[PDB]
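First the structure, in the form of structure tokens, and then the observations on it.
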Amino acid sequence: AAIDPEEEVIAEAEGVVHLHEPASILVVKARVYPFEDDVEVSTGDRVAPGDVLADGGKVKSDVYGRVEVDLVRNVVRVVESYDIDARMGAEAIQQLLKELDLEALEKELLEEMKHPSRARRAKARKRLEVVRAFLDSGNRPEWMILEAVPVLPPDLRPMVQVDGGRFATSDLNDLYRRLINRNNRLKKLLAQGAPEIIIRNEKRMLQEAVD
Amino acid sequence: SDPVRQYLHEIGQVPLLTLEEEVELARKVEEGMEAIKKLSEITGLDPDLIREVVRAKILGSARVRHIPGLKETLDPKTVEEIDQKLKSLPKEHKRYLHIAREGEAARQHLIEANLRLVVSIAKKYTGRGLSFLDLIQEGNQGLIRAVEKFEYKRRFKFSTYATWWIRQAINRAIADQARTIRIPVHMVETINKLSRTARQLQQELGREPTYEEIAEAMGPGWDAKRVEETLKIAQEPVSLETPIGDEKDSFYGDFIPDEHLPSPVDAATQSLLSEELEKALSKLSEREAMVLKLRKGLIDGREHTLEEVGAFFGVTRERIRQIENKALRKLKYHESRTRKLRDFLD
Amino acid sequence: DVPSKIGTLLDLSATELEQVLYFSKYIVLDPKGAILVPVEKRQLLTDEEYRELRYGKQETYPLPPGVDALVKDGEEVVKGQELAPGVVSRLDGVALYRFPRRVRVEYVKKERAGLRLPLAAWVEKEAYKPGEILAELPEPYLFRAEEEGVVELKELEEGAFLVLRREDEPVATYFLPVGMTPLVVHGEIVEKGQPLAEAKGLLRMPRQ
DNA sequence: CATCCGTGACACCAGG
DNA sequence: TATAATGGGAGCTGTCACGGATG
Ligand SMILES: [Mg+2]
Ligand SMILES: [Mg+2]
């Protein structure tokens, strides 16, 4: 095909096609699976070995990977990759903090306190003091991660008019404005389908804004 | 360590496109949009919901959130329902779902490839009120717009069409965010025009222009008072934490007296005023004192009408007005005699 | 505030906690049977190490102008196997073409042709595979036209085709296998019985 | 069981 | 809204003690 119809290539008679002189060649670590019937999985799907690929269940999956349906080549390709859950930022840290039984870790650290090594006993004590602080207080560790940033009352960060009729204001307003602009831009970038690099940069800038 | 260094390193990972790869990505994006339109034709669903489901499946379950324009809260259960409604299609119909999936997958890499152009453009907009990284992110938003608005049939490279939307987004961000007291974008345009006019006038006059010379050079509708009002309306605030002195122990805010909260003298004078008013009202009868208290608001805040006070005391509005008049007259007589309320009138 | 009250609870150092909080490395929460030694939970994966595990391994190589490939589309490859006279692959797997700059279409042609040979030179058969000897001649023999018309010479890679037409209408289709030297040019007029070619010694079918 | 390093702290009033 | 444009740029120069990291 081409931009305009008078540039296309239509086959004059019956024949077979041969590709030569590629611009660049791509070597993937994938697995080919040609198909003949209605394919059951679309592009981007993640699939494990033994999963239905196409043709009502005839051709199935052999390796772990990600699906690349190829309607030109009529092959359901699969590139080796696991659905590994790995995150970044205060989101991951808050997850790990939420999934933390304090008594279990207290028991592990008490077991560590009987070790012959002096440094290991010391580090177990240092960890256990934080653990027991959270236990005796009743505070969840995850609260060290913010979801709802508080806002100071406005009279404690005023926007006042000086005698000259001009305005003078507190720095906390500009720091909050930084925070709100970055937060709103992140919410909009998530509303749309922004790629990984952009969302990562935005989240980093948001964390540094809170800082 | 340095977030700009980190971003410029992440950007250097996605390689630049050769013309062929660029045209191929743009073509896949356009055909994917067409396929989403065709899928909306077939299913009868909303095209935005379909695009969101395809986008979710291409990005994964890592990002699934409610979209404002969508009538339904986009959760993995509903996206699975809609992906099943899309999976139960004939072959010549499900081919459109395949095309849409690959189109979204191409849009992602089309953005990521040209992320470098945004940096190379935004480095020239520093100093104008926004951080380098804020400019970069706004330029990336413009790049997303340019991706979704490109047309590869015109045979123009992507940079030519992308630079327009990138500049547009950076300039709109600067206009919308760089002021603590937000000013509408048209007024920012006017204030910038005023600044540039004054600058050219000083470059030709050897001194700063007056209001009248700027009004001259601005054209019709601009007098000196309008220039003065425009300059006044564009004054940015100053920090209350502005340093005063070489020692680090004085802030500009430390010298701004608080005018809102009443002073001790003000509160004491109001208290003595209320007490003297009660002393003067007790010299009336209960009814006329109550009539004045109801007519002026010393009872329930607001001021009642003659009809309300008359229906409350059970007399005619003329009678309540007559007893209000005689109450005021007795108060005037007592005030002329004792003069115990004059000093409160200033 | 060192020692971090977050990094102490999770046995994460200051460096690791910064790398995770300010988006420099990933942290696994459910490796879903990943393998890099299998991936243990709470492991610091770099950007390359995370992409190689989440989106697979691949690479693209540039072909110089006019240089054709030494492999074919869709065919598996071993590491080190030269993909082209100037490209060596660093990994193994399915090679793929991006943009073929020359498409060759081998069209199918099923026709009917004729040929006259001395009987003492023929090698009788019910068919002839490519490269198979069709006849062996003890002396040069002049294949002569059996119609009058204009010559349509259509030379293949090896061997040729002759077609005669009277009023632009085809009247004869001859076939000259390898070992036959056509003695006519395209568009030539020929009367009955004149030499259209000369066979010498062995003559065999072309490879195509 | 040392060295190295990042992070604290470094007088009061007055006027500024 | 359309020629093409594809990785920044300062920085600017105590003195001590302490607790934690590393090596
Ligand atoms: Mg004028
Ligand atoms: Mg002082």
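Following the order of the structure tokens, chains are lettered A, B, ..., residues in each are numbered from 1, and ligands are numbered from 1.
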> Can I get the residues close to ligand 1 as a ChimeraX atom specification, where close means within 12 Å and we count only C-alpha atoms (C1' of nucleotides) and all ligand atoms?
Replying inline: /B:211-227
Could those selected residues go to a file with N, CA, C and O atoms, as an mmCIF file, in the first residue's frame?
```
data_model
loop_
_atom_site.group_PDB
_atom_site.id
_atom_site.type_symbol
_atom_site.label_atom_id
_atom_site.label_comp_id
_atom_site.auth_asym_id
_atom_site.auth_seq_id
_atom_site.Cartn_x
_atom_site.Cartn_y
_atom_site.Cartn_z
ATOM 1 N N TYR B 211 3.361 57.268 31.291
ATOM 2 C CA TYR B 211 2.102 56.614 30.956
ATOM 3 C C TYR B 211 1.569 57.103 29.613
ATOM 4 O O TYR B 211 1.027 56.317 28.825
ATOM 5 N N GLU B 212 1.738 58.396 29.328
ATOM 6 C CA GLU B 212 1.172 58.975 28.113
ATOM 7 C C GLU B 212 1.879 58.460 26.865
ATOM 8 O O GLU B 212 1.230 58.195 25.848
ATOM 9 N N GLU B 213 3.204 58.305 26.919
ATOM 10 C CA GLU B 213 3.933 57.801 25.758
ATOM 11 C C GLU B 213 3.573 56.349 25.468
ATOM 12 O O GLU B 213 3.434 55.953 24.301
ATOM 13 N N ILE B 214 3.408 55.543 26.518
ATOM 14 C CA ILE B 214 2.978 54.162 26.330
ATOM 15 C C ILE B 214 1.571 54.121 25.748
ATOM 16 O O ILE B 214 1.282 53.333 24.839
ATOM 17 N N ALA B 215 0.677 54.977 26.253
ATOM 18 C CA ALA B 215 -0.675 55.046 25.708
ATOM 19 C C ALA B 215 -0.664 55.452 24.237
ATOM 20 O O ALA B 215 -1.460 54.944 23.438
ATOM 21 N N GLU B 216 0.219 56.384 23.865
ATOM 22 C CA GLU B 216 0.422 56.709 22.456
ATOM 23 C C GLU B 216 0.770 55.456 21.667
ATOM 24 O O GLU B 216 0.057 55.066 20.736
ATOM 25 N N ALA B 217 1.866 54.798 22.050
ATOM 26 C CA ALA B 217 2.378 53.668 21.286
ATOM 27 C C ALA B 217 1.474 52.442 21.340
ATOM 28 O O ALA B 217 1.712 51.490 20.590
ATOM 29 N N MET B 218 0.453 52.432 22.195
ATOM 30 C CA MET B 218 -0.441 51.283 22.271
ATOM 31 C C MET B 218 -1.610 51.360 21.298
ATOM 32 O O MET B 218 -2.211 50.324 20.993
ATOM 33 N N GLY B 219 -1.951 52.551 20.809
ATOM 34 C CA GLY B 219 -2.995 52.694 19.824
ATOM 35 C C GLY B 219 -4.268 53.294 20.383
ATOM 36 O O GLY B 219 -4.272 53.941 21.438
ATOM 37 N N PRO B 220 -5.378 53.094 19.678
ATOM 38 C CA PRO B 220 -6.660 53.636 20.139
ATOM 39 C C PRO B 220 -7.245 52.820 21.280
ATOM 40 O O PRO B 220 -7.056 51.604 21.379
ATOM 41 N N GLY B 221 -7.976 53.515 22.150
ATOM 42 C CA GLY B 221 -8.525 52.909 23.342
ATOM 43 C C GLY B 221 -7.615 52.940 24.549
ATOM 44 O O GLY B 221 -8.090 52.703 25.668
ATOM 45 N N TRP B 222 -6.327 53.231 24.362
ATOM 46 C CA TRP B 222 -5.353 53.268 25.449
ATOM 47 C C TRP B 222 -5.056 54.718 25.814
ATOM 48 O O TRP B 222 -4.436 55.450 25.033
ATOM 49 N N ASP B 223 -5.502 55.129 26.996
ATOM 50 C CA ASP B 223 -5.111 56.394 27.591
ATOM 51 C C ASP B 223 -4.084 56.129 28.690
ATOM 52 O O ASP B 223 -3.654 54.995 28.914
ATOM 53 N N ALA B 224 -3.670 57.194 29.379
ATOM 54 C CA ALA B 224 -2.694 57.027 30.451
ATOM 55 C C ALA B 224 -3.295 56.272 31.630
ATOM 56 O O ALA B 224 -2.623 55.432 32.245
ATOM 57 N N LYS B 225 -4.561 56.550 31.953
ATOM 58 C CA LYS B 225 -5.203 55.883 33.081
ATOM 59 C C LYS B 225 -5.316 54.382 32.845
ATOM 60 O O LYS B 225 -5.179 53.588 33.781
ATOM 61 N N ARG B 226 -5.549 53.970 31.596
ATOM 62 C CA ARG B 226 -5.643 52.540 31.311
ATOM 63 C C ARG B 226 -4.294 51.854 31.483
ATOM 64 O O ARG B 226 -4.223 50.740 32.012
ATOM 65 N N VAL B 227 -3.214 52.504 31.041
ATOM 66 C CA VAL B 227 -1.876 51.962 31.261
ATOM 67 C C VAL B 227 -1.590 51.844 32.752
ATOM 68 O O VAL B 227 -1.041 50.837 33.219
#
```
Can you tell me which residues come within 10 Å of ligand 2 when counting only C-alpha atoms (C1' of nucleotides) and all ligand atoms, ideally as a PDB file with N, CA and C atoms (P, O5', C5', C4', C3', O3' and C1' of nucleotides), in the first residue's frame?
```pdb
ATOM      1  N   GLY B 245      17.564  43.224  56.962  1.00  0.00           N
ATOM      2  CA  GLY B 245      18.828  43.316  57.660  1.00  0.00           C
ATOM      3  C   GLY B 245      19.789  42.191  57.316  1.00  0.00           C
ATOM      4  N   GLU B 247      21.738  40.496  59.669  1.00  0.00           N
ATOM      5  CA  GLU B 247      21.506  39.411  60.608  1.00  0.00           C
ATOM      6  C   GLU B 247      20.250  38.648  60.207  1.00  0.00           C
ATOM      7  N   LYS B 248      20.218  37.359  60.535  1.00  0.00           N
ATOM      8  CA  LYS B 248      19.103  36.506  60.120  1.00  0.00           C
ATOM      9  C   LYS B 248      18.033  36.445  61.212  1.00  0.00           C
ATOM     10  N   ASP B 249      17.527  37.629  61.593  1.00  0.00           N
ATOM     11  CA  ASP B 249      16.552  37.694  62.678  1.00  0.00           C
ATOM     12  C   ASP B 249      15.426  38.695  62.421  1.00  0.00           C
ATOM     13  N   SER B 250      15.128  39.022  61.163  1.00  0.00           N
ATOM     14  CA  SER B 250      14.030  39.939  60.876  1.00  0.00           C
ATOM     15  C   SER B 250      13.416  39.614  59.522  1.00  0.00           C
TER      16      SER B 250
ATOM     17  P    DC D  12      20.310  34.187  71.255  1.00  0.00           P
ATOM     18  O5'  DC D  12      20.191  35.474  72.198  1.00  0.00           O
ATOM     19  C5'  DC D  12      19.578  35.356  73.468  1.00  0.00           C
ATOM     20  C4'  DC D  12      19.524  36.694  74.172  1.00  0.00           C
ATOM     21  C3'  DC D  12      18.907  37.823  73.381  1.00  0.00           C
ATOM     22  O3'  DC D  12      17.496  37.744  73.450  1.00  0.00           O
ATOM     23  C1'  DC D  12      20.846  38.576  74.527  1.00  0.00           C
ATOM     24  P    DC D  13      16.591  38.360  72.274  1.00  0.00           P
ATOM     25  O5'  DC D  13      16.605  39.942  72.543  1.00  0.00           O
ATOM     26  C5'  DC D  13      15.920  40.478  73.668  1.00  0.00           C
ATOM     27  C4'  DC D  13      16.429  41.867  74.016  1.00  0.00           C
ATOM     28  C3'  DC D  13      16.224  42.929  72.954  1.00  0.00           C
ATOM     29  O3'  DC D  13      14.901  43.429  73.005  1.00  0.00           O
ATOM     30  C1'  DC D  13      18.390  43.127  73.903  1.00  0.00           C
ATOM     31  P    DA D  14      14.226  44.047  71.687  1.00  0.00           P
ATOM     32  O5'  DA D  14      15.186  45.270  71.291  1.00  0.00           O
ATOM     33  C5'  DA D  14      15.053  46.523  71.950  1.00  0.00           C
ATOM     34  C4'  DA D  14      16.017  47.543  71.371  1.00  0.00           C
ATOM     35  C3'  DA D  14      15.786  47.877  69.904  1.00  0.00           C
ATOM     36  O3'  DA D  14      14.982  49.041  69.795  1.00  0.00           O
ATOM     37  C1'  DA D  14      18.102  47.385  70.313  1.00  0.00           C
ATOM     38  P    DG D  15      14.009  49.216  68.533  1.00  0.00           P
ATOM     39  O5'  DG D  15      15.002  49.493  67.310  1.00  0.00           O
ATOM     40  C5'  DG D  15      15.785  50.676  67.273  1.00  0.00           C
ATOM     41  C4'  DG D  15      16.645  50.715  66.020  1.00  0.00           C
ATOM     42  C3'  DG D  15      15.883  50.740  64.703  1.00  0.00           C
ATOM     43  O3'  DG D  15      16.642  51.444  63.741  1.00  0.00           O
ATOM     44  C1'  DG D  15      17.114  48.729  64.845  1.00  0.00           C
ATOM     45  P    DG D  16      15.915  52.186  62.518  1.00  0.00           P
ATOM     46  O5'  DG D  16      16.376  51.345  61.243  1.00  0.00           O
ATOM     47  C5'  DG D  16      15.535  50.315  60.744  1.00  0.00           C
ATOM     48  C4'  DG D  16      16.346  49.252  60.037  1.00  0.00           C
ATOM     49  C3'  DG D  16      15.531  48.206  59.300  1.00  0.00           C
ATOM     50  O3'  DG D  16      15.140  48.683  58.018  1.00  0.00           O
ATOM     51  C1'  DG D  16      17.128  47.120  60.614  1.00  0.00           C
TER      52       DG D  16
END
```
> Taking only C-alpha atoms into account, what are the residues of chain B at most 10 Å from chain C, put as a PyMOL selection string?
Replying inline: chain B and resi 1+3+6+10+13+20-21+24
>> List the spatial neighbours of residue 89 (chain C) as a PyMOL selection string - criterion: any atom at most 10 Å away, only C-alpha atoms (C1' of nucleotides), same-chain residues fewer than 5 positions off excluded.
In response: (chain A and resi 25-27) or (chain C and resi 59-61+77-84+95)
Expected file contents, prior selection, N, CA, C and O atoms, as a CSV table (one decimal), in the first residue's frame:
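Contents of out.csv, as written:
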```csv
chain,number,residue,atom,x,y,z
A,25,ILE,N,16.9,-5.1,10.7
A,25,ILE,CA,16.4,-6.4,11.1
A,25,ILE,C,16.3,-6.5,12.6
A,25,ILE,O,17.2,-6.0,13.3
A,26,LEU,N,15.2,-7.1,13.1
A,26,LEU,CA,14.9,-7.1,14.5
A,26,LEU,C,14.9,-8.6,15.0
A,26,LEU,O,14.2,-9.4,14.5
A,27,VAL,N,15.8,-8.8,16.0
A,27,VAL,CA,16.0,-10.1,16.6
A,27,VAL,C,15.3,-10.1,17.9
A,27,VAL,O,15.7,-9.5,18.9
C,59,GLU,N,16.4,-6.6,20.1
C,59,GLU,CA,17.4,-5.7,19.5
C,59,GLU,C,17.2,-5.6,18.0
C,59,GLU,O,16.6,-6.5,17.4
C,60,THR,N,17.6,-4.4,17.5
C,60,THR,CA,17.4,-4.1,16.1
C,60,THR,C,18.8,-3.7,15.5
C,60,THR,O,19.5,-2.9,16.2
C,61,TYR,N,19.1,-4.1,14.3
C,61,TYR,CA,20.4,-3.9,13.7
C,61,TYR,C,20.2,-3.2,12.3
C,61,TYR,O,19.3,-3.5,11.6
C,77,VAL,N,17.1,-17.9,15.0
C,77,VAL,CA,18.5,-17.5,14.9
C,77,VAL,C,19.2,-17.9,16.2
C,77,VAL,O,18.6,-17.8,17.3
C,78,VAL,N,20.5,-18.2,16.1
C,78,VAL,CA,21.4,-18.5,17.2
C,78,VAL,C,22.3,-17.3,17.5
C,78,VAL,O,22.6,-16.5,16.6
C,79,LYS,N,22.7,-17.1,18.7
C,79,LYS,CA,23.6,-16.0,19.0
C,79,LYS,C,25.0,-16.2,18.3
C,79,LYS,O,25.5,-17.3,18.3
C,80,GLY,N,25.5,-15.1,17.8
C,80,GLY,CA,26.7,-15.2,17.0
C,80,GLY,C,26.5,-15.5,15.5
C,80,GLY,O,27.3,-15.1,14.7
C,81,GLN,N,25.3,-16.1,15.1
C,81,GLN,CA,25.0,-16.3,13.7
C,81,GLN,C,24.9,-15.0,13.0
C,81,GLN,O,24.1,-14.1,13.3
C,82,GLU,N,25.7,-14.8,12.0
C,82,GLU,CA,25.8,-13.6,11.2
C,82,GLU,C,24.4,-13.4,10.5
C,82,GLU,O,24.1,-14.2,9.6
C,83,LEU,N,23.7,-12.4,10.8
C,83,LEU,CA,22.5,-12.0,10.2
C,83,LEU,C,22.6,-11.4,8.8
C,83,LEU,O,21.6,-11.4,8.0
C,84,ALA,N,23.8,-11.0,8.5
C,84,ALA,CA,24.1,-10.3,7.2
C,84,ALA,C,25.6,-10.1,7.1
C,84,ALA,O,26.3,-10.4,8.1
C,95,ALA,N,14.1,-13.9,14.2
C,95,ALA,CA,14.4,-12.7,13.5
C,95,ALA,C,13.2,-12.2,12.7
C,95,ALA,O,12.3,-13.0,12.3
```
> Using only C-alpha atoms (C1' of nucleotides), which residues sit within 12 Å of region 179-183 of chain A once same-chain residues fewer than 4 positions away are excluded, as a ChimeraX atom specification?
Replying inline: /A:147-151,172-175,187-190,199,201-211 /B:130-131,133-135,137-138,173-174,176-178,180
Selected residues written out with N, CA, C and O atoms, as a compact mmCIF listing (two decimals), in the first residue's frame:
```
# COMPACT_ATOMS: atom_id res chain seq x y z
N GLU A 147 -1.29 10.05 51.78
CA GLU A 147 -2.27 10.04 50.70
C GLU A 147 -3.02 11.36 50.59
O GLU A 147 -3.23 11.85 49.48
N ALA A 148 -3.41 11.95 51.72
CA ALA A 148 -4.10 13.23 51.75
C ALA A 148 -3.20 14.23 52.47
O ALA A 148 -3.10 14.22 53.71
N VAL A 149 -2.54 15.10 51.71
CA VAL A 149 -1.69 16.14 52.31
C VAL A 149 -2.58 17.19 52.97
O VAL A 149 -3.49 17.73 52.32
N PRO A 150 -2.37 17.51 54.24
CA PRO A 150 -3.18 18.54 54.88
C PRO A 150 -2.80 19.92 54.37
O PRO A 150 -1.72 20.14 53.83
N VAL A 151 -3.72 20.86 54.55
CA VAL A 151 -3.51 22.26 54.17
C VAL A 151 -3.72 23.13 55.40
O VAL A 151 -4.75 23.03 56.07
N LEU A 172 4.44 29.40 52.05
CA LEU A 172 3.65 28.17 52.04
C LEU A 172 2.63 28.16 50.92
O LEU A 172 2.29 27.10 50.39
N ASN A 173 2.15 29.34 50.52
CA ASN A 173 1.22 29.40 49.40
C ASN A 173 1.88 28.96 48.10
O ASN A 173 1.30 28.19 47.34
N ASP A 174 3.12 29.41 47.85
CA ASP A 174 3.80 29.00 46.63
C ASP A 174 4.18 27.53 46.67
O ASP A 174 4.12 26.84 45.63
N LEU A 175 4.54 27.01 47.84
CA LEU A 175 4.82 25.57 47.95
C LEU A 175 3.56 24.73 47.70
O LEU A 175 3.59 23.73 46.98
N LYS A 187 -2.90 13.86 37.68
CA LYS A 187 -4.24 13.30 37.51
C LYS A 187 -4.66 13.35 36.04
O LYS A 187 -5.30 12.42 35.54
N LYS A 188 -4.29 14.42 35.33
CA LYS A 188 -4.64 14.50 33.92
C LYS A 188 -3.79 13.56 33.08
O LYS A 188 -4.31 12.92 32.15
N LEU A 189 -2.49 13.45 33.37
CA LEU A 189 -1.65 12.52 32.63
C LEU A 189 -2.09 11.08 32.83
O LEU A 189 -1.91 10.25 31.93
N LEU A 190 -2.68 10.77 33.98
CA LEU A 190 -3.23 9.44 34.19
C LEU A 190 -4.58 9.28 33.50
O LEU A 190 -4.90 8.19 33.01
N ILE A 199 4.93 9.54 33.27
CA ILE A 199 4.26 9.38 34.56
C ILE A 199 5.29 9.23 35.68
O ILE A 199 5.10 9.74 36.79
N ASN A 201 8.38 10.55 35.73
CA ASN A 201 8.90 11.90 35.97
C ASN A 201 7.91 12.73 36.78
O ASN A 201 8.30 13.44 37.72
N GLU A 202 6.62 12.63 36.45
CA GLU A 202 5.61 13.40 37.16
C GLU A 202 5.53 12.99 38.63
O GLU A 202 5.43 13.84 39.51
N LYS A 203 5.56 11.68 38.90
CA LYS A 203 5.47 11.21 40.28
C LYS A 203 6.70 11.62 41.09
O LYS A 203 6.59 11.99 42.27
N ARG A 204 7.88 11.57 40.46
CA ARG A 204 9.09 12.03 41.13
C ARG A 204 8.99 13.51 41.49
O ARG A 204 9.31 13.92 42.61
N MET A 205 8.53 14.32 40.53
CA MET A 205 8.37 15.75 40.79
C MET A 205 7.32 16.01 41.87
O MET A 205 7.47 16.93 42.67
N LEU A 206 6.27 15.18 41.92
CA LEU A 206 5.27 15.33 42.97
C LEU A 206 5.84 15.01 44.35
O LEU A 206 5.57 15.72 45.32
N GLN A 207 6.62 13.92 44.45
CA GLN A 207 7.24 13.59 45.72
C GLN A 207 8.17 14.71 46.18
O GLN A 207 8.16 15.10 47.35
N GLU A 208 8.97 15.25 45.25
CA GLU A 208 9.86 16.34 45.63
C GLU A 208 9.10 17.62 45.96
O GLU A 208 9.57 18.43 46.76
N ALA A 209 7.91 17.80 45.38
CA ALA A 209 7.06 18.92 45.77
C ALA A 209 6.60 18.78 47.22
O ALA A 209 6.67 19.74 48.00
N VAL A 210 6.13 17.59 47.59
CA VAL A 210 5.75 17.34 48.99
C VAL A 210 6.95 17.55 49.90
O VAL A 210 6.82 18.09 51.01
N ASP A 211 8.14 17.14 49.45
CA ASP A 211 9.35 17.34 50.24
C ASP A 211 9.63 18.82 50.45
O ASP A 211 9.94 19.26 51.57
N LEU B 130 8.50 29.09 35.53
CA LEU B 130 8.31 27.67 35.77
C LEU B 130 9.65 26.94 35.80
O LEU B 130 10.60 27.31 35.10
N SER B 131 9.70 25.90 36.63
CA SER B 131 10.87 25.04 36.71
C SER B 131 11.10 24.31 35.39
O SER B 131 10.17 24.06 34.62
N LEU B 133 11.67 21.23 34.88
CA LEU B 133 10.91 19.99 34.79
C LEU B 133 9.42 20.25 34.60
O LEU B 133 8.74 19.47 33.92
N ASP B 134 8.89 21.34 35.17
CA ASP B 134 7.50 21.69 34.90
C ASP B 134 7.31 22.03 33.43
O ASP B 134 6.33 21.59 32.81
N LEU B 135 8.23 22.80 32.85
CA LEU B 135 8.19 23.08 31.42
C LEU B 135 8.25 21.79 30.62
O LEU B 135 7.51 21.62 29.64
N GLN B 137 7.32 18.75 31.48
CA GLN B 137 6.08 17.98 31.58
C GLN B 137 4.96 18.63 30.78
O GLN B 137 4.15 17.93 30.15
N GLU B 138 4.89 19.96 30.78
CA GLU B 138 3.87 20.61 29.97
C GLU B 138 4.13 20.41 28.48
O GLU B 138 3.20 20.19 27.69
N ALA B 173 1.03 26.99 29.81
CA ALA B 173 1.39 26.71 31.20
C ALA B 173 1.99 27.94 31.86
O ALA B 173 1.63 28.29 32.99
N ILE B 174 2.92 28.60 31.17
CA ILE B 174 3.53 29.81 31.72
C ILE B 174 2.46 30.86 32.01
O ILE B 174 2.47 31.51 33.06
N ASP B 176 -0.71 30.35 32.64
CA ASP B 176 -1.72 29.92 33.60
C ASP B 176 -1.18 29.74 35.02
O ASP B 176 -1.95 29.85 35.98
N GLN B 177 0.12 29.48 35.18
CA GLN B 177 0.65 29.06 36.47
C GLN B 177 1.69 29.98 37.09
O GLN B 177 1.85 29.95 38.31
N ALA B 178 2.38 30.80 36.30
CA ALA B 178 3.53 31.54 36.80
C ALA B 178 3.17 32.74 37.68
O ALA B 178 4.05 33.57 37.95
N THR B 180 1.17 33.96 41.33
CA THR B 180 0.45 33.62 42.55
C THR B 180 -0.99 34.12 42.50
O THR B 180 -1.92 33.41 42.92
```
> as a ChimeraX atom specification, which residues of region 54-145 of chain A does DSSP assign to alpha helix (DSSP H)?
Replying inline: /A:90-98,102-112,118-137
>> Report, in Å with one decimal, the straight-line distance from CA of residue 346 (chain B) to CA of residue 292 (chain B).
In response: 22.3 Å
> Near region 8-18 of chain E, counting only C-alpha atoms (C1' of nucleotides), which residues have an atom at most 12 Å away, once you skip same-chain residues fewer than 2 positions from it, shown as a list in words?
Replying inline: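 Near neighbours after the sequence-gap exclusion: residues 2, 3, 4, 5, 6, 7, 8, 9, 119, 120, 121, 122, 123, 124, 126, 132, 133 and 136 of chain B; 5, 6, 7, 8, 9 and 10 of chain D; 20 of chain E.
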> Quick one: of A:177, A:98, A:140, A:18, who's nearest to residue 73 (chain C), counting only C-alpha atoms?
Replying inline: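 Using only C-alpha atoms, residue 73 (chain C) sits closest to A:18.
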Counting only C-alpha atoms (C1' of nucleotides), what are the residues of chain C within 12 Å of chain D, and for each of them which pair of atoms is the nearest and at what distance in Å, to one decimal? Sort the table by chain and rising number, as a Markdown table.
```
| residue | atom | partner | partner_atom | distance |
| --- | --- | --- | --- | --- |
| C:1 | CA | D:7 | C1' | 9.4 |
| C:2 | CA | D:7 | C1' | 9.4 |
| C:3 | CA | D:6 | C1' | 11.8 |
| C:14 | CA | D:6 | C1' | 11.8 |
```
> Using only C-alpha atoms (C1' of nucleotides), which residues sit within 7 Å of region 59-70 of chain A once same-chain residues fewer than 2 positions away are excluded, as a ChimeraX atom specification?
Replying inline: /A:42-55,57,72-82
